[PDB]
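Shown here: input_12.pdb, PDB, C-alpha atoms.
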```pdb
ATOM      1  CA  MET A   1       0.000   0.000   0.000
ATOM      2  CA  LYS A   2       1.707   3.174  -1.262
ATOM      3  CA  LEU A   3      -0.760   5.225   0.785
ATOM      4  CA  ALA A   4       0.699   3.735   3.964
ATOM      5  CA  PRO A   5       2.613   6.894   4.838
ATOM      6  CA  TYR A   6      -0.671   8.830   4.934
ATOM      7  CA  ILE A   7      -2.419   6.166   7.004
ATOM      8  CA  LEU A   8       0.487   5.966   9.458
ATOM      9  CA  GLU A   9       0.589   9.740   9.959
ATOM     10  CA  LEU A  10      -3.224   9.973  10.233
ATOM     11  CA  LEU A  11      -3.294   7.313  12.946
ATOM     12  CA  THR A  12      -0.369   9.078  14.621
ATOM     13  CA  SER A  13      -2.503  12.156  15.112
ATOM     14  CA  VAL A  14      -4.920   9.923  17.028
ATOM     15  CA  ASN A  15      -2.851   7.351  18.907
ATOM     16  CA  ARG A  16      -0.630   9.867  20.696
ATOM     17  CA  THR A  17      -3.037  11.169  23.333
ATOM     18  CA  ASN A  18      -4.049   7.969  25.115
ATOM     19  CA  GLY A  19      -7.805   8.548  24.950
ATOM     20  CA  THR A  20      -8.327  10.230  21.569
ATOM     21  CA  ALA A  21      -9.129   7.054  19.631
ATOM     22  CA  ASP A  22     -11.749   5.921  22.133
ATOM     23  CA  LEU A  23     -13.287   9.363  22.295
ATOM     24  CA  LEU A  24     -13.522   9.770  18.495
ATOM     25  CA  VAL A  25     -16.274   7.341  17.525
ATOM     26  CA  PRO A  26     -18.593   8.165  20.410
ATOM     27  CA  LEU A  27     -18.225  11.890  19.642
ATOM     28  CA  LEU A  28     -18.895  11.513  15.881
ATOM     29  CA  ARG A  29     -21.911   9.344  16.630
ATOM     30  CA  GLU A  30     -23.298  12.080  18.876
ATOM     31  CA  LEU A  31     -22.455  14.983  16.605
ATOM     32  CA  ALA A  32     -24.246  12.963  13.930
ATOM     33  CA  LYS A  33     -27.502  13.533  15.870
ATOM     34  CA  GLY A  34     -27.079  17.126  14.742
ATOM     35  CA  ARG A  35     -26.871  18.897  18.109
ATOM     36  CA  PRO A  36     -24.113  20.394  20.332
ATOM     37  CA  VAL A  37     -22.447  17.925  22.739
ATOM     38  CA  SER A  38     -21.379  18.884  26.266
ATOM     39  CA  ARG A  39     -18.255  17.644  27.979
ATOM     40  CA  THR A  40     -20.476  16.050  30.653
ATOM     41  CA  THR A  41     -22.687  14.250  28.124
ATOM     42  CA  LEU A  42     -19.582  12.944  26.395
ATOM     43  CA  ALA A  43     -18.092  11.913  29.753
ATOM     44  CA  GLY A  44     -21.276   9.996  30.546
ATOM     45  CA  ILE A  45     -21.232   8.195  27.193
ATOM     46  CA  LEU A  46     -17.573   7.201  27.633
ATOM     47  CA  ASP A  47     -17.859   6.483  31.351
ATOM     48  CA  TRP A  48     -14.874   8.766  31.888
ATOM     49  CA  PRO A  49     -14.155  11.436  34.486
ATOM     50  CA  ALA A  50     -14.552  14.953  33.076
ATOM     51  CA  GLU A  51     -10.884  15.733  33.667
ATOM     52  CA  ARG A  52      -9.937  12.979  31.234
ATOM     53  CA  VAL A  53     -12.488  14.162  28.658
ATOM     54  CA  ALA A  54     -11.067  17.686  28.897
ATOM     55  CA  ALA A  55      -7.483  16.456  28.533
ATOM     56  CA  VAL A  56      -8.118  14.752  25.203
ATOM     57  CA  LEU A  57     -10.058  17.709  23.822
ATOM     58  CA  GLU A  58      -7.290  20.136  24.833
ATOM     59  CA  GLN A  59      -4.964  18.283  22.438
ATOM     60  CA  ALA A  60      -7.470  18.702  19.595
ATOM     61  CA  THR A  61      -6.948  22.405  18.904
ATOM     62  CA  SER A  62      -9.250  22.491  15.921
ATOM     63  CA  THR A  63     -12.300  21.461  17.958
ATOM     64  CA  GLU A  64     -15.212  23.840  17.302
ATOM     65  CA  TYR A  65     -17.391  25.002  20.212
ATOM     66  CA  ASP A  66     -20.716  26.852  20.325
ATOM     67  CA  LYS A  67     -21.631  29.861  22.446
ATOM     68  CA  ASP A  68     -22.142  27.638  25.493
ATOM     69  CA  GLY A  69     -18.925  25.732  24.913
ATOM     70  CA  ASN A  70     -20.722  22.626  23.690
ATOM     71  CA  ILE A  71     -18.713  20.803  21.058
ATOM     72  CA  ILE A  72     -20.100  21.432  17.572
ATOM     73  CA  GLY A  73     -17.190  20.421  15.331
ATOM     74  CA  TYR A  74     -14.709  17.536  15.372
ATOM     75  CA  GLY A  75     -14.125  16.343  11.810
ATOM     76  CA  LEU A  76     -17.896  16.242  11.500
ATOM     77  CA  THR A  77     -19.431  19.639  12.229
ATOM     78  CA  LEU A  78     -22.682  21.575  12.580
ATOM     79  CA  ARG A  79     -21.019  24.662  11.149
ATOM     80  CA  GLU A  80     -21.050  25.129   7.354
ATOM     81  CA  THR A  81     -18.046  24.057   5.261
ATOM     82  CA  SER A  82     -17.360  23.185   1.628
ATOM     83  CA  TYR A  83     -18.150  19.517   2.369
ATOM     84  CA  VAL A  84     -21.830  18.692   2.797
ATOM     85  CA  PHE A  85     -22.543  15.442   4.606
ATOM     86  CA  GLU A  86     -26.222  14.547   4.693
ATOM     87  CA  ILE A  87     -27.612  11.706   6.767
ATOM     88  CA  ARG A  91     -27.544  18.334   6.740
ATOM     89  CA  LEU A  92     -24.163  18.298   8.478
ATOM     90  CA  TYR A  93     -20.683  19.214   7.240
ATOM     91  CA  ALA A  94     -17.158  17.783   7.287
ATOM     92  CA  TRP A  95     -13.749  19.419   7.539
ATOM     93  CA  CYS A  96     -12.312  17.821   4.379
ATOM     94  CA  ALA A  97     -12.956  15.362   1.547
ATOM     95  CA  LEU A  98     -11.290  12.429   3.264
ATOM     96  CA  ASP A  99     -13.455  12.902   6.376
ATOM     97  CA  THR A 100     -16.587  12.326   4.297
ATOM     98  CA  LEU A 101     -15.129   9.001   3.136
ATOM     99  CA  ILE A 102     -14.170   7.740   6.602
ATOM    100  CA  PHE A 103     -17.059   8.757   8.847
ATOM    101  CA  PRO A 104     -19.951   6.682   7.479
ATOM    102  CA  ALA A 105     -18.257   3.423   8.522
ATOM    103  CA  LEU A 106     -17.528   4.843  11.965
ATOM    104  CA  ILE A 107     -21.054   6.063  12.524
ATOM    105  CA  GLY A 108     -22.663   3.126  10.669
ATOM    106  CA  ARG A 109     -24.739   5.322   8.349
ATOM    107  CA  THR A 110     -24.880   6.051   4.676
ATOM    108  CA  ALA A 111     -24.222   9.691   3.857
ATOM    109  CA  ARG A 112     -24.990  11.729   0.781
ATOM    110  CA  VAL A 113     -21.926  13.853   0.247
ATOM    111  CA  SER A 114     -21.590  16.913  -1.978
ATOM    112  CA  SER A 115     -19.091  19.673  -2.672
ATOM    113  CA  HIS A 116     -17.476  21.612  -5.510
ATOM    114  CA  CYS A 117     -14.295  20.850  -7.411
ATOM    115  CA  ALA A 118     -11.453  22.818  -5.810
ATOM    116  CA  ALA A 119      -9.873  23.562  -9.194
ATOM    117  CA  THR A 120     -12.938  24.428 -11.291
ATOM    118  CA  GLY A 121     -15.961  24.932  -9.041
ATOM    119  CA  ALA A 122     -17.965  22.179 -10.720
ATOM    120  CA  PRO A 123     -20.514  20.329  -8.531
ATOM    121  CA  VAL A 124     -19.457  16.913  -7.284
ATOM    122  CA  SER A 125     -21.425  14.367  -5.293
ATOM    123  CA  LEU A 126     -21.401  10.775  -4.159
ATOM    124  CA  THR A 127     -23.030   8.432  -1.681
ATOM    125  CA  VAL A 128     -20.723   6.980   0.961
ATOM    126  CA  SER A 129     -21.704   3.875   2.901
ATOM    127  CA  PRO A 130     -19.704   1.915   5.487
ATOM    128  CA  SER A 131     -18.547  -0.477   2.763
ATOM    129  CA  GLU A 132     -18.470   1.405  -0.531
ATOM    130  CA  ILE A 133     -18.966   4.571  -2.548
ATOM    131  CA  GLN A 134     -21.768   4.741  -5.126
ATOM    132  CA  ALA A 135     -23.316   7.341  -7.468
ATOM    133  CA  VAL A 136     -19.945   8.981  -7.986
ATOM    134  CA  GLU A 137     -20.589  12.124 -10.063
ATOM    135  CA  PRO A 138     -18.526  12.852 -12.065
ATOM    136  CA  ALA A 139     -17.202   9.290 -12.454
ATOM    137  CA  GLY A 140     -13.603  10.504 -12.612
ATOM    138  CA  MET A 141     -13.779  12.357  -9.283
ATOM    139  CA  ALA A 142     -10.450  12.826  -7.459
ATOM    140  CA  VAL A 143      -9.109  13.774  -4.029
ATOM    141  CA  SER A 144      -5.959  15.576  -2.903
ATOM    142  CA  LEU A 145      -3.936  14.290   0.044
ATOM    143  CA  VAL A 146      -1.142  15.849   2.028
ATOM    144  CA  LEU A 147       0.982  14.270   4.726
ATOM    145  CA  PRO A 148      -0.482  15.165   8.143
ATOM    146  CA  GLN A 149       2.030  17.272  10.081
ATOM    147  CA  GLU A 150       2.541  16.027  13.618
ATOM    148  CA  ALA A 151       1.592  18.551  16.300
ATOM    149  CA  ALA A 152       0.390  21.146  13.743
ATOM    150  CA  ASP A 153      -3.204  22.397  13.733
ATOM    151  CA  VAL A 154      -4.917  19.562  11.851
ATOM    152  CA  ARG A 155      -7.535  21.710  10.214
ATOM    153  CA  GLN A 156      -4.965  24.102   8.732
ATOM    154  CA  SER A 157      -2.088  21.704   7.964
ATOM    155  CA  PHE A 158      -4.193  18.840   6.604
ATOM    156  CA  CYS A 159      -7.926  19.394   6.158
ATOM    157  CA  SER A 160      -7.640  22.677   4.303
ATOM    158  CA  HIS A 161      -5.616  20.950   1.560
ATOM    159  CA  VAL A 162      -7.709  17.778   1.178
ATOM    160  CA  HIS A 163     -10.302  18.494  -1.538
ATOM    161  CA  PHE A 164     -12.583  16.930  -4.115
ATOM    162  CA  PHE A 165     -11.818  17.482  -7.807
ATOM    163  CA  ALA A 166     -13.884  16.816 -10.945
ATOM    164  CA  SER A 167     -11.109  14.672 -12.437
ATOM    165  CA  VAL A 168      -7.647  13.324 -11.912
ATOM    166  CA  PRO A 169      -6.119  15.410 -14.725
ATOM    167  CA  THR A 170      -7.808  18.545 -13.399
ATOM    168  CA  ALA A 171      -6.483  17.780  -9.909
ATOM    169  CA  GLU A 172      -2.936  17.115 -11.183
ATOM    170  CA  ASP A 173      -3.013  20.464 -13.011
ATOM    171  CA  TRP A 174      -4.015  22.064  -9.738
ATOM    172  CA  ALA A 175      -1.383  20.074  -7.810
ATOM    173  CA  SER A 176       1.263  21.300 -10.253
ATOM    174  CA  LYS A 177       0.694  24.867  -8.939
ATOM    175  CA  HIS A 178       0.867  23.803  -5.271
ATOM    176  CA  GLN A 179       4.147  21.900  -4.833
ATOM    177  CA  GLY A 180       4.981  23.687  -1.576
ATOM    178  CA  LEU A 181       2.596  21.304   0.219
ATOM    179  CA  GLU A 182       4.247  18.395   2.038
ATOM    180  CA  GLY A 183       3.609  15.043   0.345
ATOM    181  CA  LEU A 184       0.907  16.455  -1.948
ATOM    182  CA  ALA A 185      -0.702  13.649  -3.934
ATOM    183  CA  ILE A 186      -3.720  13.166  -6.150
ATOM    184  CA  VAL A 187      -5.710   9.958  -6.010
ATOM    185  CA  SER A 188      -8.978   8.748  -7.456
ATOM    186  CA  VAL A 189     -11.928   8.988  -5.076
ATOM    187  CA  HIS A 190     -12.048   5.176  -5.017
ATOM    188  CA  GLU A 191      -8.362   5.139  -3.939
ATOM    189  CA  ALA A 192      -9.144   7.725  -1.253
ATOM    190  CA  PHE A 193     -12.019   5.602   0.086
ATOM    191  CA  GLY A 194      -9.662   2.609   0.341
ATOM    192  CA  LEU A 195      -7.218   4.707   2.350
ATOM    193  CA  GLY A 196     -10.136   5.578   4.617
ATOM    194  CA  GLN A 197     -10.924   1.880   5.025
ATOM    195  CA  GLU A 198      -7.330   1.104   6.015
ATOM    196  CA  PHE A 199      -7.416   3.965   8.474
ATOM    197  CA  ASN A 200     -10.606   2.698  10.079
ATOM    198  CA  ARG A 201      -9.421  -0.905  10.215
ATOM    199  CA  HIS A 202      -6.384   0.167  12.225
ATOM    200  CA  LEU A 203      -8.219   2.731  14.347
ATOM    201  CA  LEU A 204     -10.710   0.099  15.506
ATOM    202  CA  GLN A 205      -7.944  -2.296  16.568
ATOM    203  CA  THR A 206      -6.417   0.402  18.776
ATOM    204  CA  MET A 207      -9.723   1.145  20.488
ATOM    205  CA  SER A 208     -10.151  -0.460  23.895
TER
END
```
Could I get this file's structure written as structure tokens?
Amino acid sequence: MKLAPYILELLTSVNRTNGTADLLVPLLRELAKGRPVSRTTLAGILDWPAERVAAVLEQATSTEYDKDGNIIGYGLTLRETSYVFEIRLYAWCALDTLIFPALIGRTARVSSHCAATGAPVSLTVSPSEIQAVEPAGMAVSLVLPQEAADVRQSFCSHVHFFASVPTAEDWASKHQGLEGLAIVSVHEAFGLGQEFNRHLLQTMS
């Protein structure tokens, strides 16, 4: 798997803080209800002390909070982005939309616009496959996650959908200052997501 460096670095962003992996799925599953999630609700769901819940979250600097300090964004978010994820929620980046359905056990209708051209793109993402990929040649950009950097800025903001591989490569050609920038087909990107989830689940206690 020549996408192994991306999977390794993705999992690295999770495995480091002892609890992050075990907090992730429960949090996504809640956020998927479409409402803000309090630290005490989360703590109850995880059967953790609040101090532990707060520790893990403190490491996740990109976490989005509402006016009451309820969590509203952690990969999956209630606040509008370029990546629509209907089960109408939003995701931080293209790869998120490919990974989450398996983790939350739902099929999502995903839509966005090509980063290079603005053209509409959509697909349906289930826990096991992607279907109704429009356009058929849809592509995704990847960068290598940068350890300890803000994940939303260093990774998510560079991980897009494109109308086609050639269109994405043209775009990539003008952005070579990004670390480990790579263009893959959306089907390749989904497979990377599957590898990520398969490992993530093993590391969950």
Write out as a Markdown table the residues of stretch 85-150 of chain A that have any atom within 10 Å of an atom of stretch 56-76 of chain A, one row each with the nearest atom pair and its distance in Å to one decimal, counting all atoms listed in the file, sorted by chain and then rising number.
```
| residue | atom | partner | partner_atom | distance |
| --- | --- | --- | --- | --- |
| A:85 | CA | A:76 | CA | 8.4 |
| A:92 | CA | A:76 | CA | 7.3 |
| A:93 | CA | A:76 | CA | 5.9 |
| A:94 | CA | A:76 | CA | 4.5 |
| A:95 | CA | A:75 | CA | 5.3 |
| A:96 | CA | A:75 | CA | 7.8 |
| A:98 | CA | A:75 | CA | 9.8 |
| A:99 | CA | A:75 | CA | 6.5 |
| A:100 | CA | A:76 | CA | 8.3 |
| A:103 | CA | A:76 | CA | 8.0 |
```
Quiz item: Which polymer residues have any atom within 10 Å of an atom of residue A:133, counting all atoms listed in the file, with same-chain residues fewer than 4 positions away left out, as a ChimeraX atom specification?
Solution: /A:101,110-112,126-129,189-190,193-194
Exercise. Just give me the gap between atom CA of residue A:7 and atom CA of residue A:198 in Å, one decimal is fine.
Key: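 That distance, rounded to one decimal, is 7.1 Å.
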Exercise. Write out as a PyMOL selection string which residues come within 8 Å of stretch 144-157 of chain A when counting all atoms listed in the file, dropping same-chain ones fewer than 6 positions away.
Key: chain A and resi 5-6+9-10+12-13+61-62+95+163-165+171+181-187
Quiz prompt | Result set, the PyMOL selection byres ((chain A and resi 19) around 10) on current file, as a ChimeraX atom specification | solution = /A:14-18,20-24,48,52-53,55-57,207-208
Determine the residue membership of the PyMOL selection byres ((chain A and resi 116) around 10) for the file above and supply it as an mmCIF file with C-alpha atoms, in the frame of the given file.
```
data_model
loop_
_atom_site.group_PDB
_atom_site.id
_atom_site.type_symbol
_atom_site.label_atom_id
_atom_site.label_comp_id
_atom_site.auth_asym_id
_atom_site.auth_seq_id
_atom_site.Cartn_x
_atom_site.Cartn_y
_atom_site.Cartn_z
ATOM 1 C CA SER A 82 -17.360 23.185 1.628
ATOM 2 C CA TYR A 83 -18.150 19.517 2.369
ATOM 3 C CA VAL A 84 -21.830 18.692 2.797
ATOM 4 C CA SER A 114 -21.590 16.913 -1.978
ATOM 5 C CA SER A 115 -19.091 19.673 -2.672
ATOM 6 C CA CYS A 117 -14.295 20.850 -7.411
ATOM 7 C CA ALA A 118 -11.453 22.818 -5.810
ATOM 8 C CA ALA A 119 -9.873 23.562 -9.194
ATOM 9 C CA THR A 120 -12.938 24.428 -11.291
ATOM 10 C CA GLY A 121 -15.961 24.932 -9.041
ATOM 11 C CA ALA A 122 -17.965 22.179 -10.720
ATOM 12 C CA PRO A 123 -20.514 20.329 -8.531
ATOM 13 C CA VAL A 124 -19.457 16.913 -7.284
ATOM 14 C CA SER A 125 -21.425 14.367 -5.293
ATOM 15 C CA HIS A 163 -10.302 18.494 -1.538
ATOM 16 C CA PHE A 164 -12.583 16.930 -4.115
ATOM 17 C CA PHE A 165 -11.818 17.482 -7.807
ATOM 18 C CA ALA A 166 -13.884 16.816 -10.945
#
```
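When all atoms listed in the file are used to compute distances to residue A:196, the closest of the residues A:139, A:8, A:50, A:87 turns out to be A:8.
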Exercise. Between atom CA of residue A:170 and atom CA of residue A:2, measure the distance and give it in Å to one decimal.
Key: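 So the answer is 21.8 Å.
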As a PDB file, in the frame of the given file, the rebuilt stretch 1-26 of chain A with N, CA, C and O atoms:
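Below is the file out_31.pdb, written as the result:
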```
ATOM      1  N   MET A   1       0.822  -1.209   0.000  1.00  0.00           N
ATOM      2  CA  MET A   1       0.000   0.000   0.000  1.00  0.00           C
ATOM      3  C   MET A   1       0.860   1.265   0.000  1.00  0.00           C
ATOM      4  O   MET A   1       1.468   1.608   1.013  1.00  0.00           O
ATOM      5  N   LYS A   2       0.902   1.956  -1.138  1.00  0.00           N
ATOM      6  CA  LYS A   2       1.707   3.174  -1.262  1.00  0.00           C
ATOM      7  C   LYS A   2       1.021   4.393  -0.634  1.00  0.00           C
ATOM      8  O   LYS A   2       1.524   5.515  -0.729  1.00  0.00           O
ATOM      9  N   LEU A   3      -0.125   4.170   0.003  1.00  0.00           N
ATOM     10  CA  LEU A   3      -0.760   5.225   0.785  1.00  0.00           C
ATOM     11  C   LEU A   3      -0.475   5.015   2.272  1.00  0.00           C
ATOM     12  O   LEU A   3      -0.966   5.744   3.127  1.00  0.00           O
ATOM     13  N   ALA A   4       0.346   4.018   2.576  1.00  0.00           N
ATOM     14  CA  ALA A   4       0.699   3.735   3.964  1.00  0.00           C
ATOM     15  C   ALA A   4       1.288   4.923   4.720  1.00  0.00           C
ATOM     16  O   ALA A   4       1.017   5.077   5.899  1.00  0.00           O
ATOM     17  N   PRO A   5       2.104   5.760   4.057  1.00  0.00           N
ATOM     18  CA  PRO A   5       2.613   6.894   4.838  1.00  0.00           C
ATOM     19  C   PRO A   5       1.506   7.822   5.325  1.00  0.00           C
ATOM     20  O   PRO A   5       1.609   8.362   6.416  1.00  0.00           O
ATOM     21  N   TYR A   6       0.456   7.991   4.533  1.00  0.00           N
ATOM     22  CA  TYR A   6      -0.671   8.830   4.934  1.00  0.00           C
ATOM     23  C   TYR A   6      -1.470   8.207   6.065  1.00  0.00           C
ATOM     24  O   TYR A   6      -1.882   8.901   6.985  1.00  0.00           O
ATOM     25  N   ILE A   7      -1.691   6.894   5.984  1.00  0.00           N
ATOM     26  CA  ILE A   7      -2.419   6.166   7.004  1.00  0.00           C
ATOM     27  C   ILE A   7      -1.653   6.205   8.323  1.00  0.00           C
ATOM     28  O   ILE A   7      -2.211   6.487   9.368  1.00  0.00           O
ATOM     29  N   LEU A   8      -0.355   5.935   8.258  1.00  0.00           N
ATOM     30  CA  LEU A   8       0.487   5.966   9.458  1.00  0.00           C
ATOM     31  C   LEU A   8       0.414   7.332  10.153  1.00  0.00           C
ATOM     32  O   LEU A   8       0.161   7.417  11.361  1.00  0.00           O
ATOM     33  N   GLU A   9       0.589   8.401   9.381  1.00  0.00           N
ATOM     34  CA  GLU A   9       0.589   9.740   9.959  1.00  0.00           C
ATOM     35  C   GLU A   9      -0.791  10.170  10.460  1.00  0.00           C
ATOM     36  O   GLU A   9      -0.884  10.869  11.456  1.00  0.00           O
ATOM     37  N   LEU A  10      -1.852   9.750   9.769  1.00  0.00           N
ATOM     38  CA  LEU A  10      -3.224   9.973  10.233  1.00  0.00           C
ATOM     39  C   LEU A  10      -3.487   9.326  11.589  1.00  0.00           C
ATOM     40  O   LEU A  10      -4.058   9.945  12.497  1.00  0.00           O
ATOM     41  N   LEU A  11      -3.090   8.066  11.716  1.00  0.00           N
ATOM     42  CA  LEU A  11      -3.294   7.313  12.946  1.00  0.00           C
ATOM     43  C   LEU A  11      -2.414   7.871  14.050  1.00  0.00           C
ATOM     44  O   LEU A  11      -2.731   7.741  15.227  1.00  0.00           O
ATOM     45  N   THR A  12      -1.307   8.498  13.660  1.00  0.00           N
ATOM     46  CA  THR A  12      -0.369   9.078  14.621  1.00  0.00           C
ATOM     47  C   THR A  12      -1.005  10.252  15.324  1.00  0.00           C
ATOM     48  O   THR A  12      -0.801  10.471  16.520  1.00  0.00           O
ATOM     49  N   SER A  13      -1.795  11.003  14.571  1.00  0.00           N
ATOM     50  CA  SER A  13      -2.503  12.156  15.112  1.00  0.00           C
ATOM     51  C   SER A  13      -3.556  11.737  16.126  1.00  0.00           C
ATOM     52  O   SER A  13      -4.054  12.565  16.886  1.00  0.00           O
ATOM     53  N   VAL A  14      -3.885  10.448  16.139  1.00  0.00           N
ATOM     54  CA  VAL A  14      -4.920   9.923  17.028  1.00  0.00           C
ATOM     55  C   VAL A  14      -4.344   9.149  18.199  1.00  0.00           C
ATOM     56  O   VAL A  14      -4.757   9.339  19.344  1.00  0.00           O
ATOM     57  N   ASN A  15      -3.397   8.264  17.905  1.00  0.00           N
ATOM     58  CA  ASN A  15      -2.851   7.351  18.907  1.00  0.00           C
ATOM     59  C   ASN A  15      -2.040   8.038  20.005  1.00  0.00           C
ATOM     60  O   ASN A  15      -1.850   7.468  21.081  1.00  0.00           O
ATOM     61  N   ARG A  16      -1.559   9.252  19.750  1.00  0.00           N
ATOM     62  CA  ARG A  16      -0.630   9.867  20.696  1.00  0.00           C
ATOM     63  C   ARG A  16      -1.257  10.162  22.058  1.00  0.00           C
ATOM     64  O   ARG A  16      -0.783   9.660  23.083  1.00  0.00           O
ATOM     65  N   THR A  17      -2.319  10.957  22.082  1.00  0.00           N
ATOM     66  CA  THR A  17      -3.037  11.169  23.333  1.00  0.00           C
ATOM     67  C   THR A  17      -3.842   9.911  23.653  1.00  0.00           C
ATOM     68  O   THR A  17      -4.711   9.503  22.877  1.00  0.00           O
ATOM     69  N   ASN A  18      -3.540   9.299  24.794  1.00  0.00           N
ATOM     70  CA  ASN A  18      -4.049   7.969  25.115  1.00  0.00           C
ATOM     71  C   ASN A  18      -5.530   7.741  24.813  1.00  0.00           C
ATOM     72  O   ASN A  18      -5.906   6.677  24.324  1.00  0.00           O
ATOM     73  N   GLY A  19      -6.369   8.731  25.092  1.00  0.00           N
ATOM     74  CA  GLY A  19      -7.805   8.548  24.950  1.00  0.00           C
ATOM     75  C   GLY A  19      -8.448   8.929  23.618  1.00  0.00           C
ATOM     76  O   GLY A  19      -9.586   8.543  23.352  1.00  0.00           O
ATOM     77  N   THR A  20      -7.731   9.664  22.777  1.00  0.00           N
ATOM     78  CA  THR A  20      -8.327  10.230  21.569  1.00  0.00           C
ATOM     79  C   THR A  20      -9.109   9.237  20.707  1.00  0.00           C
ATOM     80  O   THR A  20     -10.224   9.523  20.262  1.00  0.00           O
ATOM     81  N   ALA A  21      -8.509   8.080  20.456  1.00  0.00           N
ATOM     82  CA  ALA A  21      -9.129   7.054  19.631  1.00  0.00           C
ATOM     83  C   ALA A  21     -10.462   6.601  20.208  1.00  0.00           C
ATOM     84  O   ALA A  21     -11.442   6.431  19.478  1.00  0.00           O
ATOM     85  N   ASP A  22     -10.511   6.403  21.521  1.00  0.00           N
ATOM     86  CA  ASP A  22     -11.749   5.921  22.133  1.00  0.00           C
ATOM     87  C   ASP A  22     -12.792   7.004  22.255  1.00  0.00           C
ATOM     88  O   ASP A  22     -13.977   6.714  22.415  1.00  0.00           O
ATOM     89  N   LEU A  23     -12.354   8.253  22.186  1.00  0.00           N
ATOM     90  CA  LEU A  23     -13.287   9.363  22.295  1.00  0.00           C
ATOM     91  C   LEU A  23     -13.909   9.647  20.928  1.00  0.00           C
ATOM     92  O   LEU A  23     -15.063  10.077  20.849  1.00  0.00           O
ATOM     93  N   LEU A  24     -13.150   9.373  19.863  1.00  0.00           N
ATOM     94  CA  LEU A  24     -13.522   9.770  18.495  1.00  0.00           C
ATOM     95  C   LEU A  24     -14.888   9.256  18.049  1.00  0.00           C
ATOM     96  O   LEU A  24     -15.783  10.038  17.712  1.00  0.00           O
ATOM     97  N   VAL A  25     -15.052   7.939  18.043  1.00  0.00           N
ATOM     98  CA  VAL A  25     -16.274   7.341  17.525  1.00  0.00           C
ATOM     99  C   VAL A  25     -17.511   7.766  18.314  1.00  0.00           C
ATOM    100  O   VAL A  25     -18.542   8.143  17.730  1.00  0.00           O
ATOM    101  N   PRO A  26     -17.429   7.710  19.652  1.00  0.00           N
ATOM    102  CA  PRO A  26     -18.593   8.165  20.410  1.00  0.00           C
ATOM    103  C   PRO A  26     -18.954   9.627  20.098  1.00  0.00           C
ATOM    104  O   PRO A  26     -20.131   9.966  19.984  1.00  0.00           O
TER     105      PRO A  26
END
```
